[PDB]
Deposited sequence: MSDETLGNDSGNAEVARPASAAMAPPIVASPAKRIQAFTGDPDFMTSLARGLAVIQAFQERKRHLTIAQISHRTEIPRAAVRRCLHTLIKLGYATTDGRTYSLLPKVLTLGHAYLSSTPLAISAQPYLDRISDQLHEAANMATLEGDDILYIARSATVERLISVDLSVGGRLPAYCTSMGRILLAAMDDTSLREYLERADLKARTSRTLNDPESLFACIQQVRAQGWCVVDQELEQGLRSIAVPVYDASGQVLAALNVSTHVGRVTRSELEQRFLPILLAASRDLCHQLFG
């Protein structure tokens, strides 16, 4: 369950660097921790013993990833360059941006691209009018139902009964049966509109990003407010634009 339990699950593998896993887990311990963190606080978050956590922080400090006053610790901007290593080496992310920017300019709305990681979607590219590297739940987002629809029937049920299908609004689908029917309908449309299931006033439309082999690599969407655009404009104007841009992107990376 905990980050430590994940690390110690490989303790029988001789090629698994426990201290590198712990160090990466220490970086993750700062997620959404607006203030700075002590050793004890990080050791409670991750269940990593304080001695290891201190040595991880000490190591990150000497490498320029972190700083301290002796009591609290905070990450340094150099950590951002780690995410850049993924961006500047991933052609999908690089080639999506001009499409994301043009979509945003035509419609005056935010446009995004996410992949699936576990039970969440991970925003890998944005074009704003909440952040690259940020996560949202898959079951109640447009881009997530796209990527849940790409799953085979086996992996989808394993997700549904294992995910926290918490109800966020009056309209959020929160049970596996309702969601599976929803996914079956996304599967048949090849697009997805979610209306105010993540938070009120928010309504978005997503389409899949394919490779030349047919696999869904990712999803593309547009984020709108319910008061400005209607479901009619979403499906009759936004959808053809998103599909045109998605096929252009597919053809550009993979012929």
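No C-alpha positions are given for the deposited-sequence stretches 1-28, 158-165.
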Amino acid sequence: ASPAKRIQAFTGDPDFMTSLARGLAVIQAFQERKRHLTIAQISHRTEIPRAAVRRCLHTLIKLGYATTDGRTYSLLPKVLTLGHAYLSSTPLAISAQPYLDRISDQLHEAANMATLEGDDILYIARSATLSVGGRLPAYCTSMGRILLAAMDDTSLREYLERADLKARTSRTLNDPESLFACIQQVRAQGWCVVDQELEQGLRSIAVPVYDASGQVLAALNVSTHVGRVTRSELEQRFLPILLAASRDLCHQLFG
From here on, numbers count along this sequence of modelled residues.
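Averaged over CA atoms, B-factors in the entry run higher in 226-234 than in the other of 226-234 and 62-70. The question of which stretch, 82-90 or 148-156, has the higher mean Cα B factor is settled in favour of 148-156. Out of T169, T141, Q185, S95, the entry records its largest CA B-factor for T169. Annotation for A9: CA B-factor lies in the highest third of the chain's modelled residues. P137 sits in the middle third of its chain by CA B factor, as recorded in the PDB entry. Sort the chain's modelled residues by C-alpha temperature factor and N221 lands in the lowest third, per the entry.
In the deposited entry, the Cα temperature factor of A181 sits in the middle third of values across the chain's modelled residues. In this PDB entry, the Cα temperature factor of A114 sits in the bottom third of its chain's modelled residues, the lowest group.
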